[PDB]
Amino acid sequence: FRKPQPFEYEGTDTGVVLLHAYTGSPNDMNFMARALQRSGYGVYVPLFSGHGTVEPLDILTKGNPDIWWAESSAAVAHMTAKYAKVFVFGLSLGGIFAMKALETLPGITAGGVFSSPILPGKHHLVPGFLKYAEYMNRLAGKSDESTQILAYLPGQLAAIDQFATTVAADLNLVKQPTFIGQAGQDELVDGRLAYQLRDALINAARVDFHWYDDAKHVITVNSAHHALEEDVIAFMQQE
């Protein structure tokens, strides 16, 4: 098992921050990062605390939304120090912080999400989390941690929901053009949320909305990734 490290590609005028999935890592962003590099963009893909290790409990005990927001915020500052223009996207988790960045942080040209937010009552993550852990724990040569997981997961999911609900309430503050990408066969989050996000962005200069009809959740990595890359690049060029 290799620990995915944060990584960076140099560009010239325009940089892009990509914030990864919950239980994910910078690997979520490998195809997209490279696609943006091929179009001359700078890219930075940080690692959220607790993530990227052989031990699933690290996510639950070493990371939390406030840490991940600080890290998201620092990653944006890293790029807005260097490039004339900066874009910020993320998956579901990463996308909460990307939208909070558009709402609350200076110097961002545009941004958006590659999947719907994690909001109360609108997700089936517990089964997924436990399945992710089992794979990691098999891979590792380690025994089931379901019990310890269950003692923490609901607490953390509620932490994320709470963080997300505050971000959702402030979507009126977004002025930037905003990208919305959603998988059509998503079992982890309720894709209808993407339609609600579009509608909540009442002051966004524009909303570039895409649906990936036969794709599962992680559209940056699965069958939809070529289309996604094309649409995100076109969106960036449009600005």
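Residues carry their position along the shown sequence, with the first being 1.
Asks: Mean CA temperature factor from the deposited coordinates, higher in 122-130 or in 136-144?
Replies: Result: 136-144.
Asks: Taking only the CA atoms, which stretch has the higher mean B-factor in the record, 89-97 or 151-159?
Replies: Higher mean C-alpha B-factor: 151-159.
Asks: By the CA temperature factor listed in this entry, which of these ranks top: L36, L60, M29, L47?
Replies: Among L36, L60, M29, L47, the PDB entry lists the largest C-alpha B-factor for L60.
Asks: Ordered by C-alpha B-factor within the chain, which third holds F235? Give me lowest, middle or highest, please.
Replies: Within its chain, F235 is a middle-third residue by C-alpha B-factor, going by the deposited values.
Asks: Against its chain's modelled residues, does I180's Cα B factor rank lowest, middle or highest third?
Replies: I180: CA B-factor falls in the lowest third of its chain.
Asks: Which third, lowest, middle or highest, does the CA B-factor of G40 fall in along this chain?
Replies: It belongs to the middle third of the chain when residues are ordered by C-alpha B-factor.
Asks: Looking at the temperature factor on the CA atom of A215, which third of the chain's modelled residues does it land in?
Replies: It belongs to the highest third of the chain when residues are ordered by C-alpha B-factor.
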